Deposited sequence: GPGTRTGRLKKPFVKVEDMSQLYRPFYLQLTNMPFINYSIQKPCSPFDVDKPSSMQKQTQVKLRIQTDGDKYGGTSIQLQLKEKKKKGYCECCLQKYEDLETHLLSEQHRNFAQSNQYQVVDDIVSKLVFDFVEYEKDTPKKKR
């Protein structure tokens, strides 16, 4: 069925979809190419949504709400365990 060369991976318990690789050539180990060459030579987690531009997404009301919320308590708890040992200026 599959055009060669191919690699196929599947899960024996079917808890995964089969996935594939088909290349023009299998990798071949090239000892002739020179050192140091190989011998083979976004999305917001807070808003749970994809964006086209970061800087504008950061200004969106969805994000700006999250940014100011209580959700960073988890960070602050660790932060209030560390010792500040720098000189701070007015």
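- In sequence order, the deposited residues that have no C-alpha coordinates form the ranges 1 to 7, 49 to 87, 137 to 144.
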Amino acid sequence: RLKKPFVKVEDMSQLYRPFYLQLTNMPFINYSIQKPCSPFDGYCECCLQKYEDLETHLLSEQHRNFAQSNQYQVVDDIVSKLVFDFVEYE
From here on, numbers count along this sequence of modelled residues.
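Superpose the two forms; the largest set of C-alphas matching within 1.5 Å is the rigid core.
- Here 25 to 33 and 53 to 61 are scored by the root mean square distance of their C-alpha atoms in 6 other deposited structures of this protein, with each structure fitted by the rigid core; the higher score goes to 53 to 61.
- Stretch comparison (21 to 29 versus 7 to 15) by mean CA B-factor in the PDB entry places 7 to 15 on top.
- Between 30 to 38 and 58 to 66, it is 58 to 66 that carries the larger average Cα temperature factor according to the deposited entry.
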